[PDB]
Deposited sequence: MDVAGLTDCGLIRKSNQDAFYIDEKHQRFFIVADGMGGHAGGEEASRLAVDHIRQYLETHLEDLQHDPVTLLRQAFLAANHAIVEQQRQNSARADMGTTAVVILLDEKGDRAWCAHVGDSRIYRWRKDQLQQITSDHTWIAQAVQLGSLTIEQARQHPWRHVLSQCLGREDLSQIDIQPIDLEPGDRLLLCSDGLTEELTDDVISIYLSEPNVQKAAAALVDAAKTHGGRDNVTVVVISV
């Protein structure tokens, strides 16, 4: 499996409040977080706490990935809520998170998210959005109806997806998808080398205006 990850502040925002992590050692899990300097702290806490929770508990709990991912996400949630106290006027910081946890065999991806960061799967020039955005509109802009850093955290969406060789998975913040249509994203995911695809996605988000922080993780199965 090949994986590439890239974050970019984009062409308009002053700071990058997105964060990501790839388990480069074992390629088991992948995390993107879009914060809202409260946002930087929230996305960093989410990525670090989800990463550490998964590192610590993966051996013990990979047989129950939904419990593992819920507890990782709640560990992150609590950590953000504790920093909200004092802590100060970072009162309201929050972050999205999207996580892929691969099973040991590597052909099942547990997709977990809170917010409007996305997971997509690409296959043979067709792209599918896997996560459903936690926005009031997607519910049927708002924007967010759910984020990490709330005592009122009400939903952690988790679903498995089975994978085939040659599939790609994309974790992205909305800085990608507010600039690039899915049709455009799909073309860049067709680039064989995932490092080039990741860079091309970011570069295209910027070519198209880059109005937000943009983060991608591209995984080729």
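- Missing from the model, by position in the deposited sequence, are residues 37-39, 144-159.
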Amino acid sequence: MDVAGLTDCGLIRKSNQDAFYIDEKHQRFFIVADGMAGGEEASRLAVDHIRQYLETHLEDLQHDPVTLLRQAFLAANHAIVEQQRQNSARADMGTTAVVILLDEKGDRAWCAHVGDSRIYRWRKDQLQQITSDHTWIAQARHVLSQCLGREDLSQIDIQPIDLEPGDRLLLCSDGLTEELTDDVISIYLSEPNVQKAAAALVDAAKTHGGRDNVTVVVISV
From here on, numbers count along this sequence of modelled residues.
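- If you average the C-alpha B-factors over 164-172 and over 60-68, the higher value belongs to 60-68.
- As listed in the deposited structure, the average C-alpha B-factor of 25-33 and of 187-195 is greater for 187-195.
- The PDB entry assigns its highest CA temperature factor, among 130, 74, 97, 144, to 144.
- Out of 177, 159, 154, 43, the entry records its largest CA B-factor for 154.
- Residue-level temperature factors show residue 123 in the middle third of its chain, judged at the C-alpha atom.
- When the CA B factors of the chain's modelled residues are split into thirds, the value for residue 201 lands in the lowest one.
- The entry lists a Cα temperature factor for residue 221 that places it in the highest third of the chain's modelled residues.
- Residue 140: CA B factor in the highest third of modelled residues in this chain (values from the PDB entry).
- For residue 90, the recorded CA B-factor ranks within the highest third of the chain. Only modelled residues enter the ranking.
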